[PDB]
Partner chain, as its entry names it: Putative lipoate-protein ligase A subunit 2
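Okay, here we've got a single chain as structure tokens, the form deposited without its partner chain, with questions on binding and movement later.
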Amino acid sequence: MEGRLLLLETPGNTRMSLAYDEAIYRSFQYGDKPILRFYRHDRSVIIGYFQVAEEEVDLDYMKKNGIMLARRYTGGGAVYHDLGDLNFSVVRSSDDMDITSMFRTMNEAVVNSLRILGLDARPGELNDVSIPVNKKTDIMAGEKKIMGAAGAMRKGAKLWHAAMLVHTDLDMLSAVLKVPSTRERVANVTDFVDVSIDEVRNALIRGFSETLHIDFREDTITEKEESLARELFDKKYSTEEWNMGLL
């Protein structure tokens, strides 16, 4: 019932940030304390594990506006992040491989969280990874998408991470990601309520704590975890074969 709240970031370096995630996920052993990580990324585009960089983004537009190109451990679509986006991930013990339940429980915690801020949201309905919005892995505010999520599961452990749009540049996001309006399909938490990043963070902290019945206490990353992260970074996340999609 005791948990770890990690306010671990790496702005300026999206690739190292993703490395931390896989690091806390891979070092984790069945029975450890649940982990809740909050973090942000500066202007960058993150694609899923099975994606092909040159199939969702124009490497040129990103070379022009200084958008970092990073690829994550989990599948799913391509997203645009900037400091207006509040990313967070949960790592806990797992006794099965049921993906549907993880997303259902996590989305439940997020809904309870935004309620606290007076924002009534709901999870998407469709079971289609290809469609941009209204997926069961998304959280909707009315008809607009405000949060996207992906995850992975292995024997004894599961990972779930999300990206919520608090005050992100919805135009820019639309411009960088190819789909085929999108702009008209997403929205920021602040379109509904005037709240800061921390307020949304503190809201989610209570939400996940109350929903999951886990007392998350601010903690720091461990040497073991930090080492593995540097490891994952140096040998994968900081390489082109991985970020392009060849590794």
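In this text, the rigid core denotes the largest set of C-alpha atoms whose superposition between the two forms falls within 1.5 Å. Numbering follows the first chain given and starts at 1.
Here the subject shifts to the form deposited with its partner chain bound, a form of this protein not shown in this document.
Three-residue candidate spot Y61, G84 and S174; no residue lies within 4.5 angstroms of its partner chain in the deposited complex by any non-hydrogen atom. Stretch-level contact analysis of 29-37, 204-212, 44-52, 61-69 against its partner chain in the deposited complex, using heavy atoms and a 4.5 Å limit, identifies 44-52.
The partner is absent here, but in the deposited complex a heavy atom of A150, alone among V166, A157, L119, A150, sits within 4.5 Å of its partner chain.
Mapping the unseen interface onto this chain, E143 falls outside it, with no heavy atom inside 4.5 Å of its partner chain in the deposited complex. Using a 4.5 angstroms limit between non-hydrogen atoms, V133 is distant from its partner chain in the deposited complex. Taking non-hydrogen atoms only, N127 approaches its partner chain to within 4.5 angstroms in the deposited complex. Using a 4.5 angstroms threshold between heavy atoms, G76 counts as touching its partner chain in the deposited complex. Core-based superposition between the shown form and the other one leaves all of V111, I99, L126, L83 but one with CA shifts under 2 Å; the exception is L126.
Between this form and the other one, the CA-CA gap for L126 and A150 narrows by 3 Å or more, being smaller in the deposited complex.
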